[PDB]
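Visitor: Can you keep this structure in mind? I'll have questions shortly.
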Amino acid sequence: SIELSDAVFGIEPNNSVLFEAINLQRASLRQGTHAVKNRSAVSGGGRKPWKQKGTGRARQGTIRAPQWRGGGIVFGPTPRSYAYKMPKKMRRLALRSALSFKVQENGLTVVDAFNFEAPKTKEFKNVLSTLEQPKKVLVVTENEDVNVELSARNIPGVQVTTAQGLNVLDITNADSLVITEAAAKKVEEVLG
Amino acid sequence: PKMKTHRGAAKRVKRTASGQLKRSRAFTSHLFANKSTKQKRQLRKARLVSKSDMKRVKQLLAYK
Amino acid sequence: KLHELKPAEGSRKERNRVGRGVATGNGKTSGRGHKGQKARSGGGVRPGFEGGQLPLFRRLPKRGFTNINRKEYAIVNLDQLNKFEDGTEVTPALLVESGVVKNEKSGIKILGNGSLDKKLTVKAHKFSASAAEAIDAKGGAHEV
Amino acid sequence: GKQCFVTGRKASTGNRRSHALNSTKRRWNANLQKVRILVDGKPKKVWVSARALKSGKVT
RNA sequence: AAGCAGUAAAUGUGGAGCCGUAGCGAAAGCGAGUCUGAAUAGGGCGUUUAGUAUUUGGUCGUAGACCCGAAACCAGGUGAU
RNA sequence: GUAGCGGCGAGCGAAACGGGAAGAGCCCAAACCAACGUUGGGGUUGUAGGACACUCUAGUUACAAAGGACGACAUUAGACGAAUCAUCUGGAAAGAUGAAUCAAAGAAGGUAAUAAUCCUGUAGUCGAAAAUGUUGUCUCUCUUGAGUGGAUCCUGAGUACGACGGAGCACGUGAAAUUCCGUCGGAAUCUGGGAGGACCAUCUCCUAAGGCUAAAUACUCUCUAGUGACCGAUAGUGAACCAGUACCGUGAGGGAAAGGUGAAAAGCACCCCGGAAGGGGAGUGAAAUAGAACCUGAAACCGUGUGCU
């Protein structure tokens with residue numbers, strides 16, 4: 001019901017490392033897929049509109065220049081990536097800081113197990129009412145459980161994952177944390 | 001791509017332990033009958049790149 | 001807490017933009033000067049260019065050569081041997097897995113920049129004239 | 001249709017070098033000669049190289 | 001690092017590899033010392049010796065490289081209404 | 001960006017080890033044994049092979065020789081598919097205010113306004129006359145492997161290589177090995193021949209002058225599903241409109257401008273002025289300063305009236 005470790009759930013959250021961790025996971029989710037045409041990519045515009053001298057017009061060299069209507073982009077978007085790396089030790093510390101931040105708010109509850117024989121969403125919703133949880137809840141499990149994930153994915157604000165598939169975005173987003181008794185010990189040895 | 005090293009400059013200097021560069025001397029190829037004995041003897045010693053020339057060729061030797 | 005994020009103090013700064021008004025100080029000219037080669041788009045002279053005078057590297061002569069059969073060794077002073085047990089046997093195979101030698105280039109050479117503080121038996125390829133003087137003075141015996 | 005009948009020797013291309021090392025494209029032709037050789041139906045006039053005609057042959 | 005397993009998640013594995021802990025000499029080589037020299041006689045460069053990974057900002061290098069503008073050069077084609 | 005190359009200037013620029021993806025290897029010429037320049041056997045190489053003398057009960061047409069008969073999954077139309085009723089403001093409810101519901105379905109798009117329960121769909125679960133593709137089975141064809149001696153025999157020639165003139169290897173003829181083309185001269189034969197960066201000796205590792213071979217790699221006209229801290233009508237493909245079309249040139253070629261009434265045409269029956277165009281009433285609609293030169297309607301610019309001057 002209430003057991004502590006003080007080394008994976010009791011440390012003081014390092015907020016300076018938590019910021020970079022959340023910012024790093026938000027940049028890897030975006031695909032660029034944007035581009036524009038330039039002087040050479042636009043269609044046509046090979047000849048010169050008129051000669052250099054012999055009239056009161058401004059000198060030009062092509063009808064697809066930047067200052068022309070409908071021709072040429074100077075510096076636009078290009079297809080690129082936004083992901084970057086971070087030392088391994090800094091990754092584990094940013095994760096232990098999120099788990100401890102929750103226990104500091106009385107937001108961690110350990111349950112016995114799940115005996116869902118078949119997928120029923122209403123039965124899972126009644127379970128969350130007995131524990132008196134907030135509107136957004138993150139459920140953790142030792143290993144994949146199709147019924148536990150099936151009967152819960154449809155409820156709004158409810159997310160279900162595994163012990164080894166946790167990240168700082170889900171822990172920070174969830175208002176409460178619900179983790180199984182046995183699964184809790186597994187997450188302990190992994191974080192060390 | 002990575003920057004390329006000035007191969008001509010890598011054949012004339014070496015990097016010391018404190019970040020300096022050791023070089024050779026000039027007026028040492030020929031015409032020794034026009035120079036004094038003291039002048040030629042003291043030219044066999046090495047020197048270091050001056051503080052003004054380092055500001056111009058810093059990146060030229062960034063990999064040495 | 002995603003609606004209250006706060007970065008560290010002094011870890012982020014905003015980029016400078018030139019050519020966006022006079023109140024910034026980097027407007028029309030943007031910081032290039034007036035009617036020069038360094039003010040044109042495309043760059044200027046190369047790093048080592050001296051404007052026409054002979055470059056320093058051309059003035060200086062070449063020196064030396066390189067050896068194809070250059071052998072290098074990983075030095076280990078008598079100061080890094082204060083962690084093993086008294087009388088233990090130290091071998092290159094151990095030094096590369098204990099944490100003292102990260103990469104054995106062409107063998108381990110033991111130098112004498114310090115005191116041993118223990119009695120050990122060392123096995124290496126080369127010993128400094130002063131490394132063996134102090135290894136055999138604290139007991140034990142070295143070997144190649 | 002300019003190549004040896006007994007082999008595949010033909011011409012190639014190269015460079016012409018001067019004292020100053022200037023380059024100019026040129027050709028390297030083969031030593032072709034008209035000869036009448038035995039063919040299964042009857043003899044004919046073909047182009048045969050001088051290298052193949054060495055050491056003896058039938059004509 | 002590539003790769004492998006993962007939601008195009010960015011986590012877990014992966015220690016070939018790179019930098020640092022020791023310099024000096026063209027080199028053999030020696031080593032908290034080394035080079036020059038008959039000579040630690042003197043002098044030169046070292047023993048000052050904290051580093052390393054990721055990232056915001058400034059500047060430089062290779063790419064058109066802050067934007068617009070030539071007189072020309074070469075290649076393949078179209079034209080004696 | 002190391003070795004090295006370079007009017008050693010500007011500049012150019014390796015490989016082998018080590019870590020990975022993938023991963024099988026075979027068929028001929030020759031010696032020889034039988035037939036009158038069809039291929040019939042025999043045989044394929046370095047911890048030396050074969051001919052020649054000698055012990056003697058699986059493979060599959062993607063290389064390795066190739067021609068078919070035989071069961072199951074997918075592709076090209078579809079089908080079924082849970083759960084809502086009132087009140088207030090509206091021209092209209094999905095909004096607000098109350099009470100009920102389904103979820104392995106709260107992805108989306110429509111519907112007179114902002115819908116999990118109104119509509120088409122989604123989760124999930126089913127379906128194929130006939131025609132393609134991928135395969136699995138037996139069928140079908142084709143199929144003798146270890147060979148201890150070892151004197152005599154066999155391998156691929158105007159080739160290997162050298163000189164001269166060129167090119168190519170990171171390497172500009174340089175001390176330039178290794179690889180190619182043209183012209184001439186021209187080797188050896190298992191006690192042989194080639195390489196290890198000129199060249200010689202020793203040692204070590206290989207066996208040229210015949211051929212074939214899947215997988216790990218590159219690319220996208222055009223398909224079927226999807227995705228975006230990408231564009232939103234001077235933007236995005238030149239082209240959201242029937243655009244390579246108006247137009248220009250003898251020709252090869254060059255090349256635009258042009259989206260929006262309303263929820264629903266419900267697109268103003270009828271009267272009046274006028275030759276018409278246009279307009280004033282009436283009527284439609286929530287709104288006609290929403291009447292097709294039709295959402296919103298900025299500035300330049302052009303008019304009328306007026307307080308002070």
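All residue names refer to the structure tokens as shown: chains lettered A, B, ... in order, residues numbered from 1 in each chain, ligands numbered from 1 in order.
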Pick out the chain C residues within 9 Å of chain B. Count only C-alpha atoms. Give them as an mmCIF file with N, CA, C and O atoms, in the first residue's frame.

Guide:
```
data_model
loop_
_atom_site.group_PDB
_atom_site.id
_atom_site.type_symbol
_atom_site.label_atom_id
_atom_site.label_comp_id
_atom_site.auth_asym_id
_atom_site.auth_seq_id
_atom_site.Cartn_x
_atom_site.Cartn_y
_atom_site.Cartn_z
ATOM 1 N N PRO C 47 41.818 33.010 -45.485
ATOM 2 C CA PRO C 47 42.461 33.209 -44.177
ATOM 3 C C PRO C 47 43.922 33.628 -44.263
ATOM 4 O O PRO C 47 44.307 34.659 -43.702
ATOM 5 N N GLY C 48 44.741 32.844 -44.957
ATOM 6 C CA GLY C 48 46.162 33.108 -45.023
ATOM 7 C C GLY C 48 46.599 34.172 -46.002
ATOM 8 O O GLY C 48 47.802 34.397 -46.155
ATOM 9 N N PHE C 49 45.665 34.844 -46.670
ATOM 10 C CA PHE C 49 46.032 35.859 -47.646
ATOM 11 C C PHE C 49 46.516 37.125 -46.948
ATOM 12 O O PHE C 49 45.901 37.600 -45.989
ATOM 13 N N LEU C 56 53.527 33.903 -44.452
ATOM 14 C CA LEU C 56 54.562 33.446 -43.483
ATOM 15 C C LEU C 56 55.001 32.011 -43.796
ATOM 16 O O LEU C 56 56.211 31.750 -43.751
ATOM 17 N N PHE C 57 54.058 31.124 -44.111
ATOM 18 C CA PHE C 57 54.399 29.703 -44.374
ATOM 19 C C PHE C 57 55.289 29.565 -45.615
ATOM 20 O O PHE C 57 56.160 28.681 -45.617
ATOM 21 N N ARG C 58 55.042 30.367 -46.653
ATOM 22 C CA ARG C 58 55.918 30.357 -47.857
ATOM 23 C C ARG C 58 57.325 30.821 -47.462
ATOM 24 O O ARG C 58 58.295 30.210 -47.944
ATOM 25 N N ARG C 59 57.426 31.833 -46.600
ATOM 26 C CA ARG C 59 58.736 32.386 -46.156
ATOM 27 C C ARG C 59 59.531 31.319 -45.394
ATOM 28 O O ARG C 59 60.751 31.252 -45.605
ATOM 29 N N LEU C 60 58.873 30.530 -44.537
ATOM 30 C CA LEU C 60 59.569 29.514 -43.696
ATOM 31 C C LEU C 60 59.896 28.233 -44.479
ATOM 32 O O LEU C 60 59.210 27.955 -45.477
ATOM 33 N N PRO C 61 60.930 27.456 -44.076
ATOM 34 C CA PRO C 61 61.293 26.201 -44.746
ATOM 35 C C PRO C 61 60.753 24.939 -44.050
ATOM 36 O O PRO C 61 60.419 25.029 -42.884
ATOM 37 N N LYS C 62 60.715 23.796 -44.756
ATOM 38 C CA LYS C 62 60.211 22.570 -44.162
ATOM 39 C C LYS C 62 61.306 21.895 -43.341
ATOM 40 O O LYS C 62 62.496 22.185 -43.486
ATOM 41 N N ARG C 63 60.890 20.979 -42.469
ATOM 42 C CA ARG C 63 61.813 20.367 -41.522
ATOM 43 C C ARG C 63 61.352 18.960 -41.176
ATOM 44 O O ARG C 63 60.165 18.737 -40.924
ATOM 45 N N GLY C 64 62.294 18.019 -41.169
ATOM 46 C CA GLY C 64 62.041 16.694 -40.648
ATOM 47 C C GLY C 64 61.362 15.758 -41.630
ATOM 48 O O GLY C 64 61.181 16.048 -42.816
ATOM 49 N N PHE C 65 60.986 14.596 -41.102
ATOM 50 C CA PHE C 65 60.297 13.566 -41.869
ATOM 51 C C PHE C 65 59.507 12.700 -40.897
ATOM 52 O O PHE C 65 59.523 12.919 -39.683
#
```

Visitor: Could you list, as a PyMOL selection string, every residue within 12 Å of residue 233 (chain F), counting only C-alpha atoms (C1' of nucleotides) and ignoring same-chain residues fewer than 4 positions away?

Guide: chain F and resi 240-241+258-260

Visitor: I need the residue nearest residue 3 (chain B) from this list: F:232, F:40, F:106, F:1. Use only C-alpha atoms (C1' of nucleotides) for the distance.

Guide: F:1

Visitor: Between E:11, E:56, E:78, E:36, which has the minimum distance to chain C (counting only C-alpha atoms (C1' of nucleotides))?

Guide: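 For chain C, the nearest of the candidates is E:56.
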
Visitor: Can you tell me how far CA of residue 30 (chain D) sits from CA of residue 54 (chain D), in Å to one decimal?

Guide: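 Rounded to one decimal, the two atoms are 14.8 Å apart.
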
Visitor: Just list the residues in region 86-147 of chain A DSSP gives strand (DSSP E) on the backbone, as a list in words.

Guide: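 Answer for region 86-147 of chain A restricted to strand (DSSP E) is residues 108, 109, 110, 111, 137, 138, 139 and 140 of chain A.
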
Visitor: When DSSP is applied to the backbone of this structure, which of region 9-120 of chain A are assigned helix (DSSP H, G or I)? Write them out as number ranges by chain.

Guide: A: 15-27, 88-103

Visitor: At most 9 Å is the cut-off: for each residue in chain E with any atom that close to an atom of chain A, write down the nearest atom pair and the distance in Å rounded to one decimal, counting only C-alpha atoms (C1' of nucleotides), chain first then increasing number, as JSON lines.

Guide:
```
{"residue": "E:8", "atom": "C1'", "partner": "A:31", "partner_atom": "CA", "distance": 8.1}
{"residue": "E:9", "atom": "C1'", "partner": "A:29", "partner_atom": "CA", "distance": 6.5}
{"residue": "E:10", "atom": "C1'", "partner": "A:25", "partner_atom": "CA", "distance": 6.9}
{"residue": "E:11", "atom": "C1'", "partner": "A:165", "partner_atom": "CA", "distance": 7.1}
{"residue": "E:12", "atom": "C1'", "partner": "A:164", "partner_atom": "CA", "distance": 8.4}
{"residue": "E:53", "atom": "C1'", "partner": "A:87", "partner_atom": "CA", "distance": 6.5}
{"residue": "E:54", "atom": "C1'", "partner": "A:86", "partner_atom": "CA", "distance": 5.3}
{"residue": "E:55", "atom": "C1'", "partner": "A:86", "partner_atom": "CA", "distance": 9.0}
{"residue": "E:67", "atom": "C1'", "partner": "A:66", "partner_atom": "CA", "distance": 8.1}
{"residue": "E:68", "atom": "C1'", "partner": "A:60", "partner_atom": "CA", "distance": 8.0}
{"residue": "E:69", "atom": "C1'", "partner": "A:59", "partner_atom": "CA", "distance": 6.2}
{"residue": "E:70", "atom": "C1'", "partner": "A:52", "partner_atom": "CA", "distance": 7.7}
```

Visitor: Go ahead and dump the residues you just picked, N, CA, C and O atoms (P, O5', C5', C4', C3', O3' and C1' of nucleotides), as a PDB file, in the first residue's frame.

Guide:
```pdb
ATOM      1  P     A E   8       5.325   4.143 -36.792  1.00  0.00           P
ATOM      2  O5'   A E   8       6.557   5.129 -37.012  1.00  0.00           O
ATOM      3  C5'   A E   8       7.864   4.621 -37.260  1.00  0.00           C
ATOM      4  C4'   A E   8       8.876   5.730 -37.405  1.00  0.00           C
ATOM      5  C3'   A E   8       8.844   6.786 -36.303  1.00  0.00           C
ATOM      6  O3'   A E   8      10.166   7.278 -36.086  1.00  0.00           O
ATOM      7  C1'   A E   8       8.409   7.809 -38.386  1.00  0.00           C
ATOM      8  P     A E   9      10.879   7.086 -34.658  1.00  0.00           P
ATOM      9  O5'   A E   9      10.717   8.505 -33.954  1.00  0.00           O
ATOM     10  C5'   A E   9      10.920   8.660 -32.557  1.00  0.00           C
ATOM     11  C4'   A E   9       9.654   9.092 -31.863  1.00  0.00           C
ATOM     12  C3'   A E   9       9.778   9.417 -30.382  1.00  0.00           C
ATOM     13  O3'   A E   9      10.265  10.730 -30.153  1.00  0.00           O
ATOM     14  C1'   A E   9       7.914   8.005 -30.728  1.00  0.00           C
ATOM     15  P     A E  10       9.835  11.561 -28.844  1.00  0.00           P
ATOM     16  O5'   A E  10      10.195  10.601 -27.626  1.00  0.00           O
ATOM     17  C5'   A E  10      11.370  10.814 -26.861  1.00  0.00           C
ATOM     18  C4'   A E  10      12.286   9.622 -26.928  1.00  0.00           C
ATOM     19  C3'   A E  10      13.769   9.906 -26.739  1.00  0.00           C
ATOM     20  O3'   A E  10      14.137  10.014 -25.372  1.00  0.00           O
ATOM     21  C1'   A E  10      13.467   8.538 -28.639  1.00  0.00           C
ATOM     22  P     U E  11      15.585   9.526 -24.863  1.00  0.00           P
ATOM     23  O5'   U E  11      15.359   7.996 -24.465  1.00  0.00           O
ATOM     24  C5'   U E  11      14.613   7.659 -23.305  1.00  0.00           C
ATOM     25  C4'   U E  11      14.394   6.170 -23.163  1.00  0.00           C
ATOM     26  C3'   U E  11      15.630   5.289 -23.110  1.00  0.00           C
ATOM     27  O3'   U E  11      16.272   5.311 -21.846  1.00  0.00           O
ATOM     28  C1'   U E  11      13.991   4.294 -24.501  1.00  0.00           C
ATOM     29  P     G E  12      17.796   4.824 -21.704  1.00  0.00           P
ATOM     30  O5'   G E  12      17.733   3.261 -22.003  1.00  0.00           O
ATOM     31  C5'   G E  12      16.969   2.389 -21.183  1.00  0.00           C
ATOM     32  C4'   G E  12      16.889   1.004 -21.775  1.00  0.00           C
ATOM     33  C3'   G E  12      18.217   0.363 -22.143  1.00  0.00           C
ATOM     34  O3'   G E  12      18.875  -0.218 -21.032  1.00  0.00           O
ATOM     35  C1'   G E  12      16.700   0.109 -23.934  1.00  0.00           C
ATOM     36  P     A E  53      34.359  15.353 -25.660  1.00  0.00           P
ATOM     37  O5'   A E  53      32.810  15.157 -25.340  1.00  0.00           O
ATOM     38  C5'   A E  53      32.188  13.888 -25.481  1.00  0.00           C
ATOM     39  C4'   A E  53      30.786  13.891 -24.922  1.00  0.00           C
ATOM     40  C3'   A E  53      29.833  14.924 -25.504  1.00  0.00           C
ATOM     41  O3'   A E  53      29.269  14.523 -26.741  1.00  0.00           O
ATOM     42  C1'   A E  53      29.684  14.961 -23.150  1.00  0.00           C
ATOM     43  P     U E  54      28.925  15.617 -27.867  1.00  0.00           P
ATOM     44  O5'   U E  54      27.573  16.290 -27.358  1.00  0.00           O
ATOM     45  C5'   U E  54      26.356  15.560 -27.339  1.00  0.00           C
ATOM     46  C4'   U E  54      25.287  16.280 -26.555  1.00  0.00           C
ATOM     47  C3'   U E  54      24.911  17.669 -27.053  1.00  0.00           C
ATOM     48  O3'   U E  54      24.001  17.642 -28.139  1.00  0.00           O
ATOM     49  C1'   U E  54      25.252  17.740 -24.720  1.00  0.00           C
ATOM     50  P     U E  55      24.097  18.745 -29.306  1.00  0.00           P
ATOM     51  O5'   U E  55      23.572  20.086 -28.622  1.00  0.00           O
ATOM     52  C5'   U E  55      22.211  20.227 -28.240  1.00  0.00           C
ATOM     53  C4'   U E  55      22.018  21.364 -27.266  1.00  0.00           C
ATOM     54  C3'   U E  55      22.350  22.757 -27.782  1.00  0.00           C
ATOM     55  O3'   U E  55      21.313  23.328 -28.561  1.00  0.00           O
ATOM     56  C1'   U E  55      23.348  22.451 -25.668  1.00  0.00           C
ATOM     57  P     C E  67      22.337  36.232 -51.153  1.00  0.00           P
ATOM     58  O5'   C E  67      21.329  37.362 -51.647  1.00  0.00           O
ATOM     59  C5'   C E  67      19.928  37.220 -51.464  1.00  0.00           C
ATOM     60  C4'   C E  67      19.166  38.360 -52.092  1.00  0.00           C
ATOM     61  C3'   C E  67      19.492  38.665 -53.545  1.00  0.00           C
ATOM     62  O3'   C E  67      18.849  37.793 -54.457  1.00  0.00           O
ATOM     63  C1'   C E  67      19.461  40.674 -52.314  1.00  0.00           C
ATOM     64  P     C E  68      19.507  37.503 -55.893  1.00  0.00           P
ATOM     65  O5'   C E  68      19.259  38.850 -56.708  1.00  0.00           O
ATOM     66  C5'   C E  68      17.942  39.282 -57.009  1.00  0.00           C
ATOM     67  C4'   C E  68      17.939  40.602 -57.739  1.00  0.00           C
ATOM     68  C3'   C E  68      18.851  40.704 -58.950  1.00  0.00           C
ATOM     69  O3'   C E  68      18.316  40.093 -60.111  1.00  0.00           O
ATOM     70  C1'   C E  68      19.108  42.630 -57.618  1.00  0.00           C
ATOM     71  P     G E  69      19.304  39.455 -61.204  1.00  0.00           P
ATOM     72  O5'   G E  69      20.113  40.706 -61.766  1.00  0.00           O
ATOM     73  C5'   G E  69      19.443  41.771 -62.424  1.00  0.00           C
ATOM     74  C4'   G E  69      20.416  42.758 -63.014  1.00  0.00           C
ATOM     75  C3'   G E  69      21.592  42.168 -63.773  1.00  0.00           C
ATOM     76  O3'   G E  69      21.256  41.758 -65.087  1.00  0.00           O
ATOM     77  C1'   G E  69      22.363  43.867 -62.327  1.00  0.00           C
ATOM     78  P     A E  70      21.861  40.395 -65.684  1.00  0.00           P
ATOM     79  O5'   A E  70      23.420  40.689 -65.798  1.00  0.00           O
ATOM     80  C5'   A E  70      24.101  40.533 -67.033  1.00  0.00           C
ATOM     81  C4'   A E  70      24.736  41.825 -67.478  1.00  0.00           C
ATOM     82  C3'   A E  70      25.625  41.736 -68.707  1.00  0.00           C
ATOM     83  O3'   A E  70      24.887  41.768 -69.914  1.00  0.00           O
ATOM     84  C1'   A E  70      26.739  42.953 -67.012  1.00  0.00           C
TER      85        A E  70
END
```

Visitor: Please identify all residues of chain B having at least one atom at most 10 Å from any atom of chain E, considering only C-alpha atoms (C1' of nucleotides), and return them as a list in words.

Guide: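 So the residues of chain B near chain E are residues 1, 2, 3, 4, 16, 17, 18, 20, 22, 45, 46, 47, 59 and 60 of chain B.
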
Visitor: When you look at residue 70 (chain A) with a cut-off of 10 Å (counting only C-alpha atoms (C1' of nucleotides)), what residues show up, excluding the ones that are within fewer than 3 positions of it in the same chain? I need them as a ChimeraX atom specification.

Guide: /A:42,63-67,73 /F:234-235,238

Visitor: Which neighbours of residue 40 (chain C) fall inside 12 Å, counting only C-alpha atoms (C1' of nucleotides), when residues of the same chain fewer than 4 positions from it are skipped, and could you give them as a VMD selection string?

Guide: (chain C and resid 29 to 36 44 to 45) or (chain E and resid 65 to 67)

Visitor: Output N, CA and C atoms (P, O5', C5', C4', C3', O3' and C1' of nucleotides) of each residue in that selection to a file, as a PDB file, in the first residue's frame.

Guide:
```
ATOM      1  N   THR C  29      23.347  49.217 -43.096  1.00  0.00           N
ATOM      2  CA  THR C  29      24.614  48.563 -43.413  1.00  0.00           C
ATOM      3  C   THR C  29      24.736  47.205 -42.733  1.00  0.00           C
ATOM      4  N   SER C  30      24.094  47.028 -41.580  1.00  0.00           N
ATOM      5  CA  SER C  30      24.078  45.779 -40.825  1.00  0.00           C
ATOM      6  C   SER C  30      25.414  45.464 -40.163  1.00  0.00           C
ATOM      7  N   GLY C  31      26.367  46.387 -40.188  1.00  0.00           N
ATOM      8  CA  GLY C  31      27.643  46.188 -39.538  1.00  0.00           C
ATOM      9  C   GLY C  31      28.794  45.791 -40.437  1.00  0.00           C
ATOM     10  N   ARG C  32      28.749  46.138 -41.725  1.00  0.00           N
ATOM     11  CA  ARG C  32      29.799  45.764 -42.661  1.00  0.00           C
ATOM     12  C   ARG C  32      30.719  46.909 -43.055  1.00  0.00           C
ATOM     13  N   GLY C  33      30.301  48.158 -42.868  1.00  0.00           N
ATOM     14  CA  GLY C  33      31.123  49.286 -43.258  1.00  0.00           C
ATOM     15  C   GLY C  33      30.546  50.085 -44.408  1.00  0.00           C
ATOM     16  N   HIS C  34      31.395  50.488 -45.355  1.00  0.00           N
ATOM     17  CA  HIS C  34      30.967  51.324 -46.475  1.00  0.00           C
ATOM     18  C   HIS C  34      31.832  51.024 -47.692  1.00  0.00           C
ATOM     19  N   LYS C  35      31.231  50.405 -48.710  1.00  0.00           N
ATOM     20  CA  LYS C  35      31.820  50.277 -50.044  1.00  0.00           C
ATOM     21  C   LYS C  35      33.229  49.678 -49.978  1.00  0.00           C
ATOM     22  N   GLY C  36      33.276  48.420 -49.542  1.00  0.00           N
ATOM     23  CA  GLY C  36      34.515  47.674 -49.497  1.00  0.00           C
ATOM     24  C   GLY C  36      34.328  46.271 -50.038  1.00  0.00           C
ATOM     25  N   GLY C  44      35.413  37.540 -48.666  1.00  0.00           N
ATOM     26  CA  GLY C  44      36.580  38.343 -48.968  1.00  0.00           C
ATOM     27  C   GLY C  44      37.816  37.507 -49.233  1.00  0.00           C
ATOM     28  N   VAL C  45      38.965  37.949 -48.716  1.00  0.00           N
ATOM     29  CA  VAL C  45      40.206  37.214 -48.924  1.00  0.00           C
ATOM     30  C   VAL C  45      40.224  35.972 -48.042  1.00  0.00           C
TER      31      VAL C  45
ATOM     32  P     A E  65      28.451  33.295 -52.907  1.00  0.00           P
ATOM     33  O5'   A E  65      27.863  33.421 -51.433  1.00  0.00           O
ATOM     34  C5'   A E  65      26.901  34.421 -51.109  1.00  0.00           C
ATOM     35  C4'   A E  65      26.297  34.190 -49.746  1.00  0.00           C
ATOM     36  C3'   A E  65      27.302  33.974 -48.617  1.00  0.00           C
ATOM     37  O3'   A E  65      26.766  34.499 -47.403  1.00  0.00           O
ATOM     38  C1'   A E  65      25.934  32.059 -48.829  1.00  0.00           C
ATOM     39  P     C E  66      26.887  36.067 -47.072  1.00  0.00           P
ATOM     40  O5'   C E  66      25.474  36.664 -47.505  1.00  0.00           O
ATOM     41  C5'   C E  66      24.265  36.060 -47.070  1.00  0.00           C
ATOM     42  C4'   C E  66      23.066  36.930 -47.356  1.00  0.00           C
ATOM     43  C3'   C E  66      22.833  37.304 -48.810  1.00  0.00           C
ATOM     44  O3'   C E  66      22.211  36.270 -49.552  1.00  0.00           O
ATOM     45  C1'   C E  66      22.583  39.221 -47.450  1.00  0.00           C
ATOM     46  P     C E  67      22.337  36.232 -51.153  1.00  0.00           P
ATOM     47  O5'   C E  67      21.329  37.362 -51.647  1.00  0.00           O
ATOM     48  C5'   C E  67      19.928  37.220 -51.464  1.00  0.00           C
ATOM     49  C4'   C E  67      19.166  38.360 -52.092  1.00  0.00           C
ATOM     50  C3'   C E  67      19.492  38.665 -53.545  1.00  0.00           C
ATOM     51  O3'   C E  67      18.849  37.793 -54.457  1.00  0.00           O
ATOM     52  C1'   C E  67      19.461  40.674 -52.314  1.00  0.00           C
TER      53        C E  67
END
```

Visitor: Using only C-alpha atoms and a distance of at most 10 Å, pull out the residues of chain A that contact chain C, as a compact mmCIF listing (two decimals) with N, CA, C and O atoms, in the first residue's frame.

Guide:
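Output contents, as saved in out_21.txt:
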```
# COMPACT_ATOMS: atom_id res chain seq x y z
N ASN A 15 14.99 20.18 -11.48
CA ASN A 15 14.15 20.85 -12.47
C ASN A 15 14.94 21.34 -13.67
O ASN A 15 14.37 21.50 -14.75
N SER A 16 16.24 21.58 -13.51
CA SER A 16 17.05 22.02 -14.64
C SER A 16 17.24 20.90 -15.65
O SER A 16 17.29 21.16 -16.86
N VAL A 17 17.35 19.66 -15.18
CA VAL A 17 17.48 18.54 -16.11
C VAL A 17 16.12 18.12 -16.64
O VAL A 17 16.03 17.54 -17.73
N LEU A 18 15.04 18.40 -15.91
CA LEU A 18 13.71 18.03 -16.37
C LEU A 18 13.29 18.87 -17.57
O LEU A 18 12.61 18.37 -18.48
N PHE A 19 13.67 20.15 -17.59
CA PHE A 19 13.30 21.02 -18.70
C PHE A 19 13.87 20.51 -20.02
O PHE A 19 13.14 20.36 -21.01
N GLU A 20 15.18 20.24 -20.05
CA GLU A 20 15.80 19.77 -21.28
C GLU A 20 15.26 18.42 -21.72
O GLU A 20 15.18 18.15 -22.92
N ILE A 22 12.09 17.27 -21.30
CA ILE A 22 10.79 17.48 -21.93
C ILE A 22 10.96 18.19 -23.28
O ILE A 22 10.27 17.87 -24.25
N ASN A 23 11.88 19.15 -23.35
CA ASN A 23 12.12 19.86 -24.60
C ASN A 23 12.71 18.94 -25.66
O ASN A 23 12.47 19.13 -26.86
N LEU A 169 7.12 12.77 -20.63
CA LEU A 169 5.94 13.45 -21.13
C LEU A 169 4.66 12.88 -20.53
O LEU A 169 3.73 13.63 -20.21
N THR A 172 4.59 13.56 -16.53
CA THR A 172 4.29 14.96 -16.23
C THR A 172 2.85 15.32 -16.60
O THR A 172 2.21 16.13 -15.92
N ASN A 173 2.33 14.73 -17.68
CA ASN A 173 0.98 15.04 -18.11
C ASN A 173 -0.06 14.46 -17.17
O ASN A 173 -1.07 15.11 -16.87
N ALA A 174 0.16 13.24 -16.69
CA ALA A 174 -0.82 12.57 -15.85
C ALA A 174 -1.01 13.31 -14.53
O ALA A 174 -0.04 13.74 -13.89
N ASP A 175 -2.27 13.45 -14.11
CA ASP A 175 -2.57 14.08 -12.83
C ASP A 175 -2.30 13.13 -11.67
O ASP A 175 -1.85 13.56 -10.60
```

Visitor: Got a sec: who's within 8 Å of region 210-212 of chain F, counting only C-alpha atoms (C1' of nucleotides), leaving out chain neighbours fewer than 2 positions off, as a PyMOL selection string?

Guide: chain F and resi 27-29+63+156

Visitor: I'd like the contact shell of region 117-131 of chain C - 8 Å cut-off, only C-alpha atoms (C1' of nucleotides), skipping same-chain residues fewer than 2 positions apart - returned as a PyMOL selection string.

Guide: (chain C and resi 77-78+82+86-92+107-112+115+133-135+138-144) or (chain E and resi 31)
